[PDB]
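Q: What follows is query03.cif, mmCIF, C-alpha atoms and all ligand atoms.
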data_coords
loop_
_atom_site.label_atom_id
_atom_site.label_comp_id
_atom_site.auth_asym_id
_atom_site.auth_seq_id
_atom_site.Cartn_x
_atom_site.Cartn_y
_atom_site.Cartn_z
CA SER J 1 15.85 13.85 17.30
CA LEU J 2 14.55 16.81 15.13
CA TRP J 3 13.98 18.68 18.38
CA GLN J 4 17.75 18.34 19.07
CA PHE J 5 18.52 19.28 15.47
CA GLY J 6 16.64 22.53 16.11
CA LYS J 7 18.59 23.07 19.33
CA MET J 8 21.84 22.53 17.43
CA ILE J 9 20.86 24.90 14.63
CA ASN J 10 19.93 27.48 17.29
CA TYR J 11 23.29 27.08 19.00
CA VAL J 12 25.41 27.18 15.92
CA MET J 13 23.47 29.59 13.70
CA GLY J 14 21.67 31.80 16.26
CA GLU J 15 18.11 32.14 17.63
CA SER J 16 16.68 32.83 14.17
CA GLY J 17 18.25 29.66 12.82
CA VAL J 18 15.35 27.23 13.24
CA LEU J 19 12.97 29.38 11.28
CA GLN J 20 15.64 30.31 8.75
CA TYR J 21 16.68 26.75 7.93
CA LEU J 22 13.96 24.29 8.47
CA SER J 23 11.85 25.36 5.52
CA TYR J 24 14.37 26.35 2.85
CA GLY J 25 14.77 25.28 -0.77
CA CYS J 26 13.61 21.84 -1.87
CA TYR J 27 15.24 19.73 0.91
CA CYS J 28 15.56 21.73 4.16
CA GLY J 29 13.38 19.71 6.39
CA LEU J 30 12.84 16.14 5.44
CA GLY J 31 11.45 14.06 2.72
CA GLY J 32 12.06 16.76 0.10
CA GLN J 33 11.70 16.39 -3.67
CA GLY J 34 13.28 17.74 -6.86
CA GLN J 35 16.65 19.44 -7.35
CA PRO J 36 18.62 21.19 -4.57
CA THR J 37 18.42 24.96 -5.21
CA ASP J 38 21.81 25.99 -3.91
CA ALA J 39 24.62 24.98 -1.54
CA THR J 40 22.56 25.43 1.59
CA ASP J 41 19.79 23.24 0.15
CA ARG J 42 22.41 20.62 -0.78
CA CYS J 43 23.29 20.58 2.96
CA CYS J 44 19.76 19.37 3.66
CA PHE J 45 19.78 17.04 0.66
CA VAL J 46 22.85 15.32 2.15
CA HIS J 47 21.09 15.43 5.56
CA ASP J 48 18.09 13.59 4.18
CA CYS J 49 20.28 10.94 2.58
CA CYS J 50 22.15 10.72 5.89
CA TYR J 51 18.94 9.95 7.80
CA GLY J 52 18.20 7.41 5.02
CA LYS J 53 21.30 5.54 6.04
CA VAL J 54 20.26 5.12 9.69
CA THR J 55 19.15 1.54 10.45
CA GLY J 56 18.36 0.31 13.90
CA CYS J 57 17.04 3.57 15.29
CA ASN J 58 14.75 6.47 14.26
CA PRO J 59 16.55 9.67 13.22
CA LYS J 60 13.46 11.85 13.47
CA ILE J 61 12.31 10.71 16.93
CA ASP J 62 15.16 9.16 18.97
CA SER J 63 17.31 11.25 21.35
CA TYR J 64 21.02 11.27 21.07
CA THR J 65 23.88 12.61 23.19
CA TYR J 66 25.59 15.87 22.40
CA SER J 67 27.43 18.77 23.92
CA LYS J 68 27.41 22.46 22.97
CA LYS J 69 30.40 24.53 24.21
CA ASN J 70 32.00 27.73 22.86
CA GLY J 71 29.97 27.72 19.65
CA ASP J 72 30.15 24.24 18.33
CA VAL J 73 28.69 20.83 18.67
CA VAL J 74 30.32 17.51 19.40
CA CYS J 75 28.43 14.16 19.28
CA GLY J 76 29.00 11.69 22.06
CA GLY J 77 27.43 8.68 23.74
CA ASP J 78 28.20 4.98 23.31
CA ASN J 79 25.11 4.01 21.27
CA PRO J 80 26.50 4.12 17.77
CA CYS J 81 23.11 4.35 16.07
CA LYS J 82 22.13 7.42 18.01
CA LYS J 83 25.57 8.94 17.44
CA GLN J 84 25.07 8.32 13.67
CA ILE J 85 21.88 10.41 13.90
CA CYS J 86 23.71 13.10 15.84
CA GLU J 87 26.44 13.17 13.20
CA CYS J 88 23.88 13.74 10.44
CA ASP J 89 22.60 16.78 12.31
CA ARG J 90 26.04 18.09 13.33
CA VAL J 91 27.38 17.84 9.75
CA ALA J 92 24.32 19.61 8.45
CA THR J 93 24.65 22.53 10.86
CA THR J 94 28.38 23.02 9.99
CA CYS J 95 27.37 22.91 6.32
CA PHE J 96 24.80 25.71 6.92
CA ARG J 97 27.50 27.83 8.62
CA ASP J 98 29.97 27.15 5.78
CA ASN J 99 27.48 28.35 3.15
CA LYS J 100 25.84 31.24 4.99
CA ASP J 101 27.24 33.64 2.43
CA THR J 102 25.02 32.27 -0.34
CA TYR J 103 21.82 31.95 1.75
CA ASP J 104 19.06 33.62 -0.30
CA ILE J 105 15.70 34.51 1.17
CA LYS J 106 14.14 33.60 -2.26
CA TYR J 107 14.35 29.95 -0.99
CA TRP J 108 12.99 30.61 2.54
CA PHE J 109 9.67 28.80 2.78
CA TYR J 110 10.00 28.05 -0.92
CA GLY J 111 6.92 26.09 -1.83
CA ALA J 112 6.94 22.31 -2.52
CA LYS J 113 5.15 23.42 -5.69
CA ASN J 114 8.46 25.04 -6.80
CA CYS J 115 10.32 21.75 -6.49
CA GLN J 116 8.06 19.53 -8.62
CA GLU J 117 10.70 18.11 -10.89
CA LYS J 118 12.52 14.80 -11.00
CA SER J 119 14.26 14.14 -7.74
CA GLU J 120 17.99 13.71 -7.42
CA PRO J 121 18.66 10.25 -5.96
CA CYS J 122 20.75 9.51 -2.90
CA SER V 1 6.11 38.30 8.48
CA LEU V 2 6.92 34.52 8.90
CA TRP V 3 9.21 35.53 11.75
CA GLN V 4 6.13 37.03 13.50
CA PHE V 5 4.09 33.96 12.60
CA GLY V 6 6.68 31.91 14.48
CA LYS V 7 6.48 34.29 17.44
CA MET V 8 2.69 33.93 17.44
CA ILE V 9 2.83 30.14 17.25
CA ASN V 10 5.33 30.19 20.14
CA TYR V 11 3.04 32.39 22.21
CA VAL V 12 -0.14 30.51 21.56
CA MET V 13 1.09 26.93 21.29
CA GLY V 14 4.23 26.96 23.47
CA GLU V 15 8.02 27.00 22.92
CA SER V 16 7.91 23.75 20.94
CA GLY V 17 5.30 25.17 18.60
CA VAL V 18 7.53 26.47 15.81
CA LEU V 19 9.21 23.15 15.29
CA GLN V 20 5.96 21.25 15.77
CA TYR V 21 3.96 23.21 13.20
CA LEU V 22 6.09 24.66 10.52
CA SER V 23 6.87 21.38 8.81
CA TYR V 24 3.70 19.30 9.20
CA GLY V 25 1.56 17.46 6.66
CA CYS V 26 1.40 18.68 3.07
CA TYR V 27 0.75 22.42 3.73
CA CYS V 28 2.28 23.54 7.06
CA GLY V 29 4.75 26.03 5.84
CA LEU V 30 4.08 27.57 2.50
CA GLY V 31 3.69 26.68 -1.06
CA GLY V 32 2.58 23.12 -0.23
CA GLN V 33 1.18 20.56 -2.67
CA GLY V 34 -1.31 17.68 -2.71
CA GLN V 35 -4.13 16.90 -0.28
CA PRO V 36 -4.29 18.18 3.33
CA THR V 37 -3.62 15.20 5.64
CA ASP V 38 -5.82 16.17 8.55
CA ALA V 39 -7.47 19.12 10.30
CA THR V 40 -4.22 20.68 11.41
CA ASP V 41 -2.86 20.50 7.85
CA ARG V 42 -6.09 22.08 6.58
CA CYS V 43 -5.26 25.00 8.94
CA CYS V 44 -2.11 25.58 6.90
CA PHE V 45 -3.90 24.94 3.61
CA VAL V 46 -6.30 27.78 4.49
CA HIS V 47 -3.26 29.82 5.63
CA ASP V 48 -1.60 29.41 2.25
CA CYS V 49 -4.75 30.44 0.43
CA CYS V 50 -5.01 33.37 2.85
CA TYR V 51 -1.52 34.60 1.91
CA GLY V 52 -2.60 34.10 -1.73
CA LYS V 53 -5.26 36.70 -1.20
CA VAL V 54 -2.85 39.41 -0.01
CA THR V 55 -2.28 42.09 -2.69
CA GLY V 56 -0.35 45.24 -2.08
CA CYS V 57 2.09 43.83 0.46
CA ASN V 58 4.24 40.72 1.02
CA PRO V 59 2.87 38.23 3.57
CA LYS V 60 6.14 36.35 3.94
CA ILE V 61 8.42 39.37 4.46
CA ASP V 62 6.48 42.45 5.66
CA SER V 63 6.05 43.25 9.39
CA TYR V 64 2.68 43.79 10.86
CA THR V 65 1.37 45.04 14.20
CA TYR V 66 0.19 42.68 16.89
CA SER V 67 -0.17 42.26 20.60
CA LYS V 68 0.19 39.14 22.77
CA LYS V 69 -1.47 39.30 26.22
CA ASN V 70 -2.80 36.54 28.52
CA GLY V 71 -2.41 33.80 25.92
CA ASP V 72 -3.86 35.16 22.77
CA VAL V 73 -3.13 37.35 19.84
CA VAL V 74 -4.93 40.39 18.53
CA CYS V 75 -4.01 42.12 15.21
CA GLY V 76 -3.81 45.88 15.15
CA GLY V 77 -2.32 48.75 13.18
CA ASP V 78 -3.94 51.03 10.60
CA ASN V 79 -2.31 49.54 7.46
CA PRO V 80 -5.03 47.21 6.28
CA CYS V 81 -2.75 45.13 4.07
CA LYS V 82 -0.41 44.33 6.91
CA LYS V 83 -3.36 43.63 9.20
CA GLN V 84 -4.69 41.19 6.52
CA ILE V 85 -1.36 39.34 6.78
CA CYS V 86 -1.58 39.35 10.56
CA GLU V 87 -5.11 37.94 10.39
CA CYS V 88 -3.93 35.04 8.21
CA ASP V 89 -1.38 34.15 10.87
CA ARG V 90 -3.69 34.73 13.85
CA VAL V 91 -6.46 32.57 12.34
CA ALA V 92 -3.98 29.84 11.60
CA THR V 93 -2.62 29.74 15.16
CA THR V 94 -6.17 29.55 16.67
CA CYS V 95 -6.90 26.75 14.19
CA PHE V 96 -3.81 24.82 15.42
CA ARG V 97 -5.01 25.22 19.04
CA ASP V 98 -8.55 24.11 18.10
CA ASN V 99 -7.25 20.90 16.49
CA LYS V 100 -4.43 20.01 18.86
CA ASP V 101 -6.27 16.86 19.85
CA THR V 102 -5.81 15.29 16.41
CA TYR V 103 -2.16 16.36 15.90
CA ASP V 104 -0.28 13.21 14.83
CA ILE V 105 3.48 13.00 14.80
CA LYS V 106 3.18 10.79 11.64
CA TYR V 107 2.80 14.15 9.75
CA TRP V 108 5.66 16.00 11.53
CA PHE V 109 8.31 16.68 8.90
CA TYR V 110 6.26 14.56 6.52
CA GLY V 111 8.16 14.55 3.28
CA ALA V 112 7.07 16.54 0.18
CA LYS V 113 7.50 13.14 -1.48
CA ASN V 114 4.45 11.95 0.54
CA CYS V 115 2.26 14.71 -0.89
CA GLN V 116 2.87 14.16 -4.61
CA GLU V 117 -0.72 13.99 -5.71
CA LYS V 118 -3.05 16.44 -7.38
CA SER V 119 -3.30 19.61 -5.37
CA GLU V 120 -6.52 20.89 -3.89
CA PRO V 121 -7.18 24.36 -5.33
CA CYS V 122 -7.84 27.49 -3.33
CA CA J 201 14.53 16.88 2.50
CA CA J 202 1.47 25.30 2.21
#
Can you dump the structure from the file as structure tokens?
A:
Amino acid sequence: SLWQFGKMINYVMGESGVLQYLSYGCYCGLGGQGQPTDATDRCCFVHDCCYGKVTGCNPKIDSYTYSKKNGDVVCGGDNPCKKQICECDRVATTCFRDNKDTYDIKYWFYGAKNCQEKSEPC
Amino acid sequence: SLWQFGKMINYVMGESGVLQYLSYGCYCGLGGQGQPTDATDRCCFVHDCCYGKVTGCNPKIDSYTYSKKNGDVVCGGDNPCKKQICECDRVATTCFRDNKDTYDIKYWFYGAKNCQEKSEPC
């Protein structure tokens, strides 16, 4: 679930992570539009597309199984649909960490109105 | 600052508040587009317009002065521009509380792509 995504982001990126990442660029969040602004935003683009591939369960709402130890996240459980959701979230957090060095506060709480151009398709 | 907005939301609405409110509807966040979905979303519409009225300081970035005691927020300090920012945030949190009974998870992390219609002007 998005609540668990926020917990993951917190764990991996720090306390300020949820605010820092879940309104960024054109895609960070869900259901974005337009062109990804930078590498971090492409993390959320891929995340969106990832949730788009989940059939059989709800990636926004349903709770998966995960562990957090010594700084990173591992997805578990024996319900493959929920683990697919978890993997979307896990991948996205590692992608945020990998690209932290190009994070630009210009794109923090970037308006929707700044992303009104043709959307890149999944 | 938006960091302080998140602290306020936390304080007033509870721990789950930041995730619950800062991607909701068409406006919750900043720089939204389209038509407000419901009363909560109109809270953020008004918030956006409120930040639009701040001249002389930066409502996203600059730190204001506030206190949190026994459940609500009061804006202080003697820099009127920063207090204007604080008031935008304070008003918005009280508006979220006032409308909690029509909060609908349909609009949680509602895509931008669901708000692609003519925008209501400030
Ligand atoms: Ca998105
Ligand atoms: Ca907005």
Q: For chain V, which residues have at least one atom within 6 Å of chain J, if we go by all atoms listed in the file? Write them as a PyMOL selection string, please.
A: chain V and resi 30-33+109+111-113
Q: Which residue is closest to ligand CA 202 (chain J)? Choose from V:98, V:104, V:78, V:120 and count only C-alpha atoms and all ligand atoms.
A: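 Closest to ligand CA 202 (chain J), using only C-alpha atoms and all ligand atoms: V:120.
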Q: Compare J:122, J:1, J:48, J:15 by their minimum atom-to-atom distance to ligand CA 201 (chain J), counting all atoms listed in the file, and give me the closest one.
A: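 Looking at the shortest contact to ligand CA 201 (chain J), the residue is J:48.
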Q: Write out as a list in words which residues come within 12 Å of residue 4 (chain J) when counting only C-alpha atoms, dropping same-chain ones fewer than 6 positions away.
A: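 Counting only the stated atoms, we get residues 10, 11, 18, 59, 60, 61, 62, 63, 64, 65, 66, 67, 68, 73, 75, 82, 85, 86, 87, 88, 89, 90 and 93 of chain J; 16 and 19 of chain V.
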Q: Set the distance at 10 Å and use only C-alpha atoms: which residues neighbour residue 97 (chain V) once local chain neighbours fewer than 4 positions away are removed? I'd like the list as a list in words.
A: residues 9, 12, 13, 40, 92, 93, 101 and 103 of chain V
Q: Between V:77, V:71, V:36, V:56, which residue has the minimum interatomic distance to ligand CA 202 (chain J), considering all atoms listed in the file?
A: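 For ligand CA 202 (chain J), the nearest of the candidates is V:36.
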Q: Report the distance between CA of residue 50 (chain J) and CA of residue 94 (chain J) in Å, rounded to one decimal place.
A: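 Taking CA of residue 50 (chain J) as the start and CA of residue 94 (chain J) as the end point, the length is 14.4 Å.
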Q: Grab the CA of residue 43 (chain J) to CA of residue 96 (chain J) distance for me, in Å with one decimal place.
A: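 Separation between CA of residue 43 (chain J) and CA of residue 96 (chain J): 6.7 Å.
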Q: Check the smallest atom-to-atom distance from each of V:8, V:95, V:44, V:39 to ligand CA 202 (chain J) using all atoms listed in the file, then report the winner.
A: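 The closest residue to ligand CA 202 (chain J) is V:44.
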Q: CA of residue 91 (chain V) and CA of residue 58 (chain V), how far apart in Å?
A: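 Computed distance, CA of residue 58 (chain V) to CA of residue 91 (chain V), equals 17.6 Å.
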Q: Padding 8 Å on every side, please: axis-aligned box over the listed atoms of region 51-55 of chain V, centre and edge lengths to one decimal in Å, as AutoDock Vina command-line options.
A:
--center_x -3.4 --center_y 38.1 --center_z -0.4 --size_x 19.7 --size_y 24.0 --size_z 20.6
